[PDB]
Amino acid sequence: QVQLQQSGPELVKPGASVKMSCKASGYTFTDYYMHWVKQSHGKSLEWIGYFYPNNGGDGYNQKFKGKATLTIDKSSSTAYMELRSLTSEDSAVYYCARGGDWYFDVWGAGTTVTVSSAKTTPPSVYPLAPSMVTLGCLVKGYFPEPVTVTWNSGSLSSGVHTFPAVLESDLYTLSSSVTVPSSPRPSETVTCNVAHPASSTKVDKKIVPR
């Protein structure tokens, strides 16, 4: 099972630099191209460049000349991209994708980069309790994106609605609902598991009634 494993989210001060990674497994890393793609929020995709370990060469899109620098570590089957002197427009999701050769077949999960002067802030989770019951969690005041939310460590995959976060004064606010039959709850536990990897935070809020 070919799979690419990218680094976690990053918060970069304006004018600073970041260097993300993309560790390959399930195939010979040195025998295939590695392409890097950028996707700004709610927008199309854009090819940054490639790196070919076989010939030890690379090549960039003119748009990213002087912004991107591609390297590799053959010993660890890991590709790296460095972005230098970042501005707010540089903030987006950055994908690595294996080349086939010049089209991209297997994509990474994507690394979220945020360029801002605001400092990292963890979320505050607040329970939302009231034939079929609906509960929820309010993930308020966190920064930067992203946050992942699950219910009962994933056991409640269906009937869930996690909503896109809203940005106010340099703080994100997200909400997630979950609908279950009237038997499991209050009778049984229903907790929302929130994760903010940017601040390395893991919160577990169990929804109970009053």
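Numbers follow the displayed sequence, beginning with 1.
According to the record, the deposited sequence contains 4 to 9 residues between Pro130 and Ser131 that were left without coordinates. Once the C-alpha B-factors are averaged per stretch, 46 to 54 and 148 to 156 rank with 148 to 156 first. In this crystal structure, the stretch out of 17 to 25 and 183 to 191 whose C-alpha atoms carry the higher mean B factor is 183 to 191. Listed residues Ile72, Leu83, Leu135, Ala92 were ranked by CA B-factor as deposited; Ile72 comes out on top. Looking at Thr111, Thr120, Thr114, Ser77, the one whose CA carries the top B-factor in the deposited record is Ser77. Among all modelled residues in its chain, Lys65 ranks in the highest third by Cα B-factor.
Among all modelled residues in its chain, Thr162 ranks in the lowest third by Cα B-factor.
In this PDB entry, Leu174 carries a Cα temperature factor that places it within the middle third of its chain's modelled residues.
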